Structure formats: structure tokens, C-alpha cells
Amino acid sequence: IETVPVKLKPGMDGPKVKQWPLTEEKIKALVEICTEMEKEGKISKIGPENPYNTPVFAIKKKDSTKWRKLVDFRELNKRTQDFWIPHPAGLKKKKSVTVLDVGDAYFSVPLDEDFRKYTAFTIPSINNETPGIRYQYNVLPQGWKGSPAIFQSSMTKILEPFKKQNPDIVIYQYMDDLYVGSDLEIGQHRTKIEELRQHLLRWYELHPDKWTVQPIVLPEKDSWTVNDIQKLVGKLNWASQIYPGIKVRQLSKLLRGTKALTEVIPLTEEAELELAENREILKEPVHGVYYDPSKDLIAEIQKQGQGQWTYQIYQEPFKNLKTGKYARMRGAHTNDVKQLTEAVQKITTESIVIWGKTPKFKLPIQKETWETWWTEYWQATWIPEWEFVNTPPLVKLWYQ
Amino acid sequence: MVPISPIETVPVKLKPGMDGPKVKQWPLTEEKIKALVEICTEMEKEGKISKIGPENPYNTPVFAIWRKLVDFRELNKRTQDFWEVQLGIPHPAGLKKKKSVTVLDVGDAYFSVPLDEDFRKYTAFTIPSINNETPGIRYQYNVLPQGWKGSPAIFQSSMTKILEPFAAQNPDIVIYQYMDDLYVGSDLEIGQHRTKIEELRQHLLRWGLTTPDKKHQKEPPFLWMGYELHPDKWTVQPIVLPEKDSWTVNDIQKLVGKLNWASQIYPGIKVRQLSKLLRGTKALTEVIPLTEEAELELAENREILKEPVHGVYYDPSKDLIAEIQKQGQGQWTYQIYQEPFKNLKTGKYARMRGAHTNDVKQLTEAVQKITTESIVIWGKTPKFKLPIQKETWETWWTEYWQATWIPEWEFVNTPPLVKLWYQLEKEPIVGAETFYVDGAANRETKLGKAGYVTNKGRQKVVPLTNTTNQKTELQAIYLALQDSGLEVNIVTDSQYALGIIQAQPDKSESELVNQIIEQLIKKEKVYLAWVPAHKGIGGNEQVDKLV
Ligand SMILES: Cc1c(Oc2ccccc2OCCn2ccc(=O)[nH]c2=O)cc(N(C)C(=O)CCl)c2ccc(C#N)cc12
């Protein structure tokens, strides 16, 4: 009911990002949505004196046939002044966590007068026939980092009774999402979630306990071919960058001579001992692996085939903070890009739960393909940063 | 007097921290001064400008050619940024056929859009007096000056706001605004069409804007931005390839400009060689000889550009189809159409700069380009006809290390067909000879050696002059491919060679890589295994090639 002064970082102008082309159905959807929001005062039309722009597109969330408006506030977010809560380190330790969309609550708080012109966006026209419908926000926009910061006080006032009632429930907020962690039963968790949503009304099942870090495992065979031993020495040599005491000389000793790749080689006793020592070494955690809130999080994804994907979250090379394998199949059996996009969304969600921020992705895909198709399968309210790797990494099978 | 509705002014500011322009007035001849006094007197009588006192410290130079011409380049440098009037120009293939299309001249409205009061003082200009014996006449603009930075954007915005209710209450027509011209199309009867045109003239007159009752000068075929727009079709303005005995650099840039521009409707245009002659020149007047490939390419262009070809307009009720053909040397051509033999438009795609490539990657890139273009022009992705078998694409994307995807498409049998030229095995090959390869070079003398030893006792080491480590590693693999049977296992330590071959190229800049590809095509089964170097892995003999 009272606007809080918001400004930009010193020396930075507002965002001026090109609106990318949209299909006709998305344009029409945005026309209906923005017409309705204009009738509600949430947005207002602007004139040519506003040079700032932020991209916009339309999506369809899970279990819904209504379109939704997505604004790519990444540039404005990095150009918006830093607002100033320690991250709940116990949210990742909880048994279950549910994600709720509280973005509607932001639209009840007006936006600072002078700052509105930086939220400008454009509904584009087909074939550049018309100049495009230009809008700016009058309330807190969904996707902007200042919205949860400004609404944090009111959110504390709304969640104060529920927090006081259940001290065992962890509550976290990131952008337009509310993460609610507990240790109850799935039915009790769903009834409790309905309790919290009806509590918020009058004013996504996720289980981190079933997620752990993945160790480097070595094969267990009764007979090894030359090729098997070569791959094993390769994987152990790669793992020696992560683990100090990895030793491969006794296994490389067996590869002496020019033998056929399919020839079975029996292991010597020294080779068995070396392999067992390497197993014991790989069973231990990595030495000196810590998180630095001042550094970026980097996430790498490898396509393993048959709907299987691997990923690693780290900050320094060979110091993995998280590793995982997303093999879920959900209507994307014939589309690599949809699988990759869902994987990026899940990894970003896990990173939000663990560290409270999104990582920078390294995507195994050509820039043009991804930039062409990723909005088609995006269902989250946030967007991370990403870059593209054009050279096949050798370590792929070493994560398989 | 009928009350004229006021046009809302757009608030305008200068760039932050800057000040209005202050430029010395140009000295003018007596006749030019008299002409500018007459013109500015008439404009003041009409209300476009107003006299100002000496308090205004700003000034912008004025000229006459009469016709008054104010040079606002400084004020433009000091004026704020505005939202772009147009992000891009439309494409004729996106237009929808209309029974009637009328052109209205709203030029007189340009000078009828008011300027923000607080900004008018920055448009001040001075007419020098005769013999400079009196203070020059001081004027300022009250409306959008032509040549000012924000005039087109504010004009188009104001006109759009004026036309919004008329277009809303008449959905059965289409109105388009371009510069000081409106274009109104409809499928109604010609009588109803002229009626609604009169209604538009009245609605514009309710803001005091006058559309001429004179029959407009624009009439089919409409010539616009190098385009010919007809009632039922569109094309490019005539493209004439000149007959030159010798071609300079600007002749080749003009020829590649005409061919690039003509390629959007003429199918099969190629610009590879002619643009290749312009590689790394940076000399406009340099005369470059013509290669034979450029001569054959230019002859094919003259054969394609012989007779005129037209494109149709977009019919939203029919499906959108895009068909692709490979032309070789990284060249691709495509037609976008709805009915067979009647193209909406055409185009080409050239492969990107790269050391290694294959046909499937280029076809994928071209599909992405056509998809973006089609979403721009028509707002939807077309269905594709591609020269590649379904099984070929399935094998490729299932086995490719990168994620990839093309939208709905069907196979069309139009050679040359995009195919996979070789496929590496996933597991070692039983019964096949195993070639342990290696290569090495001296960084100073550039002397090296490349070779292999096999499980059957076959060996070879070749010495090489003027080579590198990477070159000797590739050369080692090549030697193993040369001397082996149809099925072969190859063991290397070269992360570089594996990085190249796992990218699956079918063509390369390096002749050595191309030779390796040619050897791979001849093979039946090839398994390529990697091992770490200098780890004592026997067979992998680093000392054999470092002698
Ligand atoms: C006649 C004209 C434009 O046409 C239309 C105008 C209004 C509705 C539909 C139209 O097009 C349908 C296809 N069509 C075209 C010609 C014809 O006779 N019959 C026919 O059905 C569109 C333009 N472009 C490209 C625009 O961006 C609109 Cl400012 C023009 C641009 C310049 C000039 C000039 N001189 C003229 C333009």
C-alpha cells in the first residue's frame, strides 16, 4: 500500500533486450493475459519515450490448459541493485519439500513510480506489421528479484501463524516459489499443503532425502579383456585428478605387449591389490570440498543416451559439490531438447534447494538449436544462465 | 468551427547530464535569407513554429536549398533514446491477399503532431539578418520537426493511438501505417470499401488531420523497398546481371548484393565462389580475376535469372511447407510454399566457419534458420521436406553426443541425399586386428614419426618433416587405416584425434582429416579406443616414434 524506493546499480542504464519472435498462439495468449492485467491495473501501456525492454513469452505449467506469461528478467535482475537471510541449510536435509507458486501475491503491492519504466516489455507482432504492444508494470512483477525482497515483510506477517504453529516445518522463498519441507507422510504432507494454501488464500512432490552424492564405481569382473583393462586404467587415471593416491602402474603392467583387444588377461595379485586399494580410495569423500557463496555454481550435463543424463555441480574443477543422474521419462522419449530442458529445470531446482541460487549451465547442444526450442518446454518461473560446449568431452562414459 | 480533438504530447527529455544544442548559425546569402524569411513567415502563420525572445540560449543551424532544412545532428546526439519505430520491415510473403487496397496520404498530419512544450526550447534556430545589421529572427518548433531524432517514433505512436478505435470497431478491415502513408485493405465489396475509406477520412478529420481528396499517386504495382507488390502476387524489382569484361571489387559486391537479394524468390541462387573472391580484400577499387568456379556459378545465376518469377501471398487456411535441397560446398537452398509449384518465398543457407563439419549438422542448422524466419514472417513453424531418410536421422540423433531436434518433417527423395558416411563401433571387434598407433614430433626441428604395432606382429614407422604432434597422431591413425582389413581396432592416446573423430565430420579443412574420412568410408567396422599416454600401457609404444 506504500511504495519502497528502488533504483539501479551505479553507472548502469535500464535493460534494452531484443524481443525474440513468437508464434501466433503465444502472441494471442499474451494479448488476452495482458488485456486482463491492464483491466486490473497491474500493467499500463507506455509511449515511445520508453526505450527499455525485457523479453516475454508464454508457457503452460504442469497439469493446466491455461496459458501463462513468462518474463525473462535476467538482464534487469543483474542490473537491479542488490537487496538485503542466511540460506536454510536444513531444507535439503528434510524428508520432503513442496514447491508452491505465490506469484499472485506480488500483484497486490504497487511498484515504485520512477522504477516502473525499467519493467517495460513488448508483445510482438507477426511479420513486423505493427510496432508491438508495449506495457510497463505498476505492481511487483513476477520474476524480478526485487519482488520477494520487497514482499519479504508481508510474507513474514502472513506466514507467522503457520510458522508458530509448526516449528518442525522449514519454509524457504526463492523468486515466485515457496519451498515447504517436512518429515510427514505423503498424505499428511498433502493435507498440510492444502492447509497452508488455504491459509495463504484468505490473506510438486519433491524428496531430497532420496537424493545423495554419487561415488566413482569400478567394474567387478571374473575375467578382464585387454579393452576392459584399458578402460579401467583410463577411468582410474581420470579419477586420480580427484583422488590423490590412485595408482595404476600394476594394472598398466598387464597391458604390456601388443595383444588383441578382445583377449582375456588374468589379473596378477599385485593388480588385484592395486584395484582393491583404488576401490577403498574411491569409497572416501573428496578432500577439501567446500562451498563459496561468493563464487558461481557451474553445472555440466552429459547426454548418456536412452533418456539418461548425467550432471555435476561444482565451483572448482574436480571439486564436485553435487552429482546426479536424471533418467526420468515424461513424454519426451523422442525429443532430446525437451529432455535437456526438463533436466536443466530439475537441476536448477535442486541447486535452489541446496544453495539458494541458480547455477551456470554448460549445455551439450548447439546454440542455435537450444535458443530456437528451449522456450517450448520451459515451465519454471525463473531462468538460469547457460553456455554451449561444442567439443565432445572424453569424460562422458566415465560418468556412465 | 468544429472542435478539434487535441493530440496527446509525448514527454521528451535529453540524455542524462547533457545540455541542449548551441551551434553557430551558418552565414547565408541575401536571397537565401529572404527565402527563409518567407517560408518561416508562412510556417509561423500556420503554427508550426513561434518567435522567441533572446532568453533562449540554444540554437540550431538552418539552411535552404526554396526549401528550409534544419540540421538537427547535434540535438539528435543530445536527445534521449526512443523505442524503435520499427524493429524490422515486413516481408511481402507474409501479407494476406485483399480484394481492395487503398493508399491514404497523411503527410499533412506529420506537421500536426504537437511537440512537448518543455522540449520546444531545444529546437531554437536563428535566421541571419540582411548584412547582419539587426538581430536574426529567433524561432522554435511547436510540432515534430522533420530530421529530429524522435519524430518518426512519436508520429507513428500518435497515429497508432488515433487509429486504435477505428481498427477495433472495424475488424473486417486491415490498416497499416508506413511513414506518412496509410494502407487500408479489405475483402468487402468495392462500394463498402470506399465507404469505410471515407469513414476513416472522417475519423482522421476528427483530429483535424486532412487526407487529400485527390486520387493518390501510388497504384499497382506497388514499388517498395526493392519489391513489386501486385494484387495477387509479389516479386523483387528486376535483377539485371551486368555483362563485364573485367570485374572489380565493387562489381562483385553489387553482384552478390543482387544475388543475395534475388535469392529470396529465385530458387537455386549460389553465392559461394563470388563471395569467396572477396575474402580478405578490404580494397574497394581492386580488380580480382574470376575463377572458373565463379564463372560456372555466374552462368547458372544468369540461367536462373533469365525470366521473372513471382511469389504468392500467404493463405492462413493452408498448411505451411518448407523443402530443402543440398547444393554442395556447404550451400543449401530451400523453398517455402503452401501449394505445389507456387512458392511463398525461397532462400539459401551457407555453412558456418568451421574446421570440421558434416551434412547432417548443416541441414539441422538450416532447419533452425528456416524455422526462425517462418515464425517471424507467418507466426508458425512449417512442415519440412528434407533429403534424408528417417532411419538416417534416427541413427544420427540417437547416437550423437549432443542433444538435437528438428520439428515435424518428412523424407523427400531429391538427391543428393544427406547420409551418414561412417559409424564407429561401440564395442571391440572380435577377430579384427588391433593396431596400437602413436606419433610424435620435435618442437624445434619439426621432425616427427608416425606408426603402429599390431597384435599379429605387423609394424610400421614413417618419418615426417615439417609436422606437429597432432599431425603425427592423425597420421598414425591414417596409416593404421591404410594397412588394415575391412574390420580393424585402433588404439590411440591422442585426445585430439578422438576429439575430432567423435565429432563425426565428413569434410574438413585438413587434407589429412579428409583422408582419414575417406579411409573410414571404405571400412566395414572400426572400433576406436583411447588410452592414457606415458602410463606404461604396452603396445602403445611412445619410444618407437620418439627415436
Ligand atoms: C499495398 C501495400 C501493402 O498491402 C496491404 C495493405 C493493407 C492490407 C493488406 C495489404 O497487402 C495484402 C496483399 N496485397 C498487396 C498488394 C495488392 O495490391 N493486393 C494485396 O492483396 C503492404 C505494404 N507493407 C509491406 C506494409 O508493411 C504495410 Cl505499410 C506496403 C508497403 C508499401 C507500399 C507502397 N508504396 C504499399 C504496401
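Residues numbered from 1 in each chain as written, not as in the entry; some residues may be left out. Chains lettered and ligands numbered in written order. Heavy atoms only, no water. Residues with missing side-chain atoms left out of burial classes, pairs and counts.

Structure determination for this entry is recorded as X-ray crystallography, at 2.5560 Å resolution.

Let us now look at the packing of aromatic side chains. Under the definition given, this model contains 40 aromatic pairs over all chains. Judged by centre distance (6.1 Å) and plane angle (85°), the rings of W378(A) and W382(A) are edge-to-face. Using a relative accessible area of 6% as the deciding quantity, one classes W382(A) as buried. Ring geometry for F82(B) and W148(B): centres 5.7 Å apart, planes at 75°, overall edge-to-face. Remark: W148(B) occurs in the loop between β6 (137-141) and α5 (151-168) and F82(B) occurs in the loop between α2 (73-78) and β4 (100-105); sequence separation between them is 66 residues. Each member of the pair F82(B) and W148(B) is classed as buried. An aromatic cluster is present here, built from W20(A), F57(A), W370(A), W374(A), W378(A), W382(A) and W386(A) joined pairwise through their rings. (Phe/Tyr/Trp six-rings, centres within 6.5 Å; stacked < 30°, edge-to-face > 60°. Buried < 20%, exposed > 50% of the residue type's maximum accessible area, 1.4 Å probe, protein only. Helix = DSSP H or I, 4+ residues; strand = E, 2+ residues; numbered from the N terminus.)

Where charged atoms from two side chains of opposite charge come close, those side chains can pair. Per the counting criterion, the structure on display carries 41 salt bridges over all chains. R73(B) is paired through a salt bridge with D71(B); the nearest N and O atoms lie 3.0 Å apart. As a salt-bridge pair, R201(B) and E198(B) come within 3.4 Å of each other at their nearest N and O atoms. Taken as a pair, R201(B) and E198(B) lie in helix α6 (residues 190-205) at a separation of 3 residues, close to a single helical turn. One salt-bridge network, in which partners are shared between bridges, spans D13(A), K16(A), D81(B) and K149(B). (Salt bridge = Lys/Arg side-chain N within 4 Å of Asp/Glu carboxyl O.)

In this section: the packing of helix α4 (residues 152-165) of chain A against helix α5 (residues 186-201) of chain A. Residues and elements named next belong to chain A. The interhelical angle for the contact between α4 and α5, taken along N-to-C directions, is 150°, at an axis separation of 9 Å. Here α5 runs roughly antiparallel to α4, going by the angle between their axes. The hand of the α4/α5 crossing is right-handed. Each of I158, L159, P161, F162 and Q165 in α4 lies in contact with α5, whose residues at this interface are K192, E195, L196, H199 and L200. (Axes fitted to C-alpha atoms, helices over the stretch in contact; angles between N-to-C directions. Parallel < 35°, antiparallel > 145°, perpendicular 65-115°, else oblique. Left-handed = near helix turned anticlockwise from the far one by under 90°. Contact = heavy atoms within 4.5 Å.)

Taken as a whole, helix α11 (residues 390-399) of chain B has its buried residues at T392(B), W393(B), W396(B) and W397(B). An end-on view of α11(B) places all buried positions within 115° of arc, on one side of the element. Looking at the buried residues of α11(B), the elements they touch are β12 (298-305) and α9 (336-355) of chain A together with α10 (359-378) and β17 (409-411) of chain B. (Arc of directions from axis to C-beta.)

Between chain A and chain B, the contact holds 57 residues from the first and 64 residues from the second. Between chain A and chain B, a total of about 5,100 Å² is buried, with carbon and sulfur atoms accounting for 60% of that surface. For the salt bridge of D81(B) with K16(A), the shortest nitrogen-to-oxygen distance reads 3.0 Å. Our enumeration of links across chain A and chain B arrives at 21 residue pairs in polar contact. Listed by contribution, the elements that provide at least two residues to the side of chain A that touches chain B are α6 (226-239), α9 and α10 (367-373) of chain A. Among the elements that make up the side of chain A that touches chain B, the one with the highest residue count is α6(A) (6 residues). In the side of chain A that touches chain B, the residues fall into 24 nonpolar, 22 polar and 11 charged. (Buried area = accessible area lost by both parts, 1.4 Å probe. Polar contact = N/O pair within 3.5 Å; in protein donor to acceptor, adjacent residues only side chain to side chain. Nonpolar A, V, L, I, M, F, W, Y, C, P; charged D, E, K, R; others polar.)

Next up on the list: unusual backbone geometry. When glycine is set aside, most residues are seen to have a negative phi, and most peptide bonds are trans. Following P220(B), the chain continues to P221(B) via a peptide bond in cis, the omega torsion being 0°. One can find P221(B) in the loop between α6 and β9 (222-224). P416(B) follows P415(B) through a cis peptide bond whose omega is 0°. Topologically, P416(B) is positioned in the loop between β17 and β18 (433-441). Even without being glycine, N128(A) reaches a positive phi, approximately 55°. Relative to the assigned elements, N128(A) resides in the loop between β5 (121-123) and β6 (133-137). Even without a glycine there, the phi angle at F341(B) is positive, about 75°. Mapped onto the fold, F341(B) is located in the loop between β13 (331-339) and β14 (342-350).

Turning to the site of the ligand, a few remarks are in order. Residue and element names in this part refer to chain B. Taken together, 17 residues surround the ligand, and among them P90, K96, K98, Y183 and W224 come closest. Within the backbone of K98, one N or O atom sits 2.7 Å away from an oxygen atom of the ligand. At 3.4 Å, a side-chain N or O of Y183 approaches a nitrogen atom of the ligand. Starting from 740 Å² of accessible surface for the ligand in isolation, the protein chains cover 94%. Contributing elements (two or more residues each) for the shell around the ligand: β7 (173-178), β8 (181-186) and β9. (Near = heavy atom within 4 Å. Areas by Shrake-Rupley, 256 points an atom, 1.4 Å probe, with all protein chains shown as cover.)

Below, the discussion takes up the nonpolar core. Grouped together as the largest cluster of nonpolar side chains are 86 residues, with contacts concentrated most on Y137(A), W144(A), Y179(A), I301(A), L340(A) and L363(A). Among the elements that line this core, the one with the most residues is α9(A), at 9 residues. Residues within four places of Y137(A) in sequence aside, it is in contact with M37(A), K42(A), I43(A), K69(A), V71(A), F107(A), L111(A), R116(A), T119(A) and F121(A). Formed by 59 residues, the second largest nonpolar core is a distinct cluster that contains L236(A), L261(A), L474(B) and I500(B). (Core = buried A, V, L, I, M, F, W, Y, C linked by side-chain atoms within 4.5 Å.)

Quick look at the side chain of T122(A) now. Considering the arrangement of structural elements, one finds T122(A) in strand β5. Reaching out from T122(A), the side chain makes a polar contact with the side chain of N53(A) at a distance of 2.5 Å. Separated by 3.0 Å, the side chains of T122(A) and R134(A) make a polar contact. Residue contacts for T122(A): discarding those within four places in its chain leaves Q19(A), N53(A), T54(A), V56(A), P131(A), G132(A), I133(A), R134(A) and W83(B).

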